[PDB]
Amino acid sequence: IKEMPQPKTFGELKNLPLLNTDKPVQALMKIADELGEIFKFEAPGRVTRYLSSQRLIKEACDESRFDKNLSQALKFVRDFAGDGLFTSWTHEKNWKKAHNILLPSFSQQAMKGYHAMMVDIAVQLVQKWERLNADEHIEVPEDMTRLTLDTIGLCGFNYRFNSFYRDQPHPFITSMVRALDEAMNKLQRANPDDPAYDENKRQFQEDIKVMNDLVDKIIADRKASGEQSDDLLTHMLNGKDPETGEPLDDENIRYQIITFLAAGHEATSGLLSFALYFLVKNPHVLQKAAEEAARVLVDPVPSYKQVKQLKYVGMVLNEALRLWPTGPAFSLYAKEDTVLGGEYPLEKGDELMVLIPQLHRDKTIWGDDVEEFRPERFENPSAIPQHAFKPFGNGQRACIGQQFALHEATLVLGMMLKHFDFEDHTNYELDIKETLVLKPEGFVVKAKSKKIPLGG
């Protein structure tokens, strides 16, 4: 039994002066480097414990001792994502019901049914880049967010935001992005009730109504028409919980749709953006992955089966998620009094934070070379020690989108590698913006087409 390490406190401000940044995850990773595998962090009226070693993270992932906590960020996102899966407590009836209903629709097998719609959007992204004139460049996270929002829209409720046809996004996208931004901004607001935020409040209400109105209309339209599609909405309207025998109600189905878009799009866009970043910064790795793309994708459009054979593309994407897991922390609470690691007693309710990019630099697991980009670390995923690699969270509260995210990213990155050579024409300096997720802000490249035809 030991005193938990903790950074310097500054009278009433406690540890808060150490996080005066808009990149708190990066800062907390520097604190972990100084303090080690666990530290307490206190700010006026708040306390949490940041874990970073695989040894302790293994215990925190014991579901009989710890369960998902809703951080303040998740509580603010709940104001528009409701009791959708990502923003629900485990004990909520709607959490267990939507989980039992949706899991089969999100399995590896289920990806065979989404593949054609993912290819539809991925062809539109390849065609955009094929049609740029010689002087132009690509804004990488911006295009990847186009792609993932439109893919989730089409797979999720057969709705086309037509993001590649626009300078200004579809009004629903503008409202959702503006809603996310407001939820995150409320975290750092000292006097939330000052009149200077009356406008933020009104706009946030207007953004909720825009989202709810569109999704409720599409649910109402599909119920009126009777039509059966390859989308998550069809599965939700038809499905019954095998436990209770009940289906989801219309309101909840709406929250699941908003949640897939709001929680799924940007993590997945960040993944592709960091992967192409690491590839243009490591040309020998880019060449090996582009070779596999050419060897495997021998048809005008990729089949489901071919995407499964892009093993090296998979390795690149896991190594990007090891260095910069784009949903970078998840929070837990002690179900009962317990002792963590033989040394740190916790009381029922005490919160833990899993600092996922620091977990992923645990030198006892990966070797000393943790900052290096090496997809070859993932050649044999069964050898990796259990709980060492957690970019999709844990247990029953893990990412239900994980197979969908990786199928999309693998398909798209292999098409990109097949169809273009890339140039880091600005010698881009990594700048990791932290919102709900991580992304490489301002990352831009040039793509020179290899002039290889697509199919229709």
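Start at 1 and count along the sequence shown; that's the residue number.
> Mean CA temperature factor from the deposited coordinates, higher in 394-402 or in 25-33?
The recorded data point to 25-33.
> Quick one: say whether 38-46 or 409-417 has the higher mean Cα B-factor in the deposited entry.
Of 409-417 and 38-46, the stretch with the higher C-alpha B-factor average is 38-46.
> In the PDB entry, which of 115, 265, 322, 235 has its C-alpha at the highest B-factor?
Within the set 115, 265, 322, 235, 235 shows the top C-alpha B-factor.
> Sorting 196, 353, 123, 147 by Cα temperature factor from the record, which one lands on top?
Out of 196, 353, 123, 147, the record gives the largest C-alpha B-factor to 196.
> When the deposited Cα B-factors of this chain's modelled residues are ordered and cut into thirds, is residue 362 in the lowest, the middle or the highest one?
Tercile = middle for this residue's CA B-factor.
> Within this chain's modelled residues, let me know which third the CA B factor of residue 372 belongs to: lowest, middle or highest.
Residue 372: CA B-factor falls in the highest third of its chain.
> Relative to the other modelled residues of the same chain, rank the CA B-factor of residue 259 and answer lowest, middle or highest third.
Lowest third - that is where residue 259 ends up once the chain's C-alpha B-factors are sorted.
> Would the CA B-factor of residue 346 place it in the lowest, middle or highest third of its chain?
It belongs to the middle third of the chain when residues are ordered by C-alpha B-factor.
> Taking the chain's C-alpha temperature factors as the reference, tell me which third residue 139 falls into: lowest, middle or highest.
Its C-alpha B-factor, which the entry lists for residue 139, ranks in the lowest third among residues of this chain.
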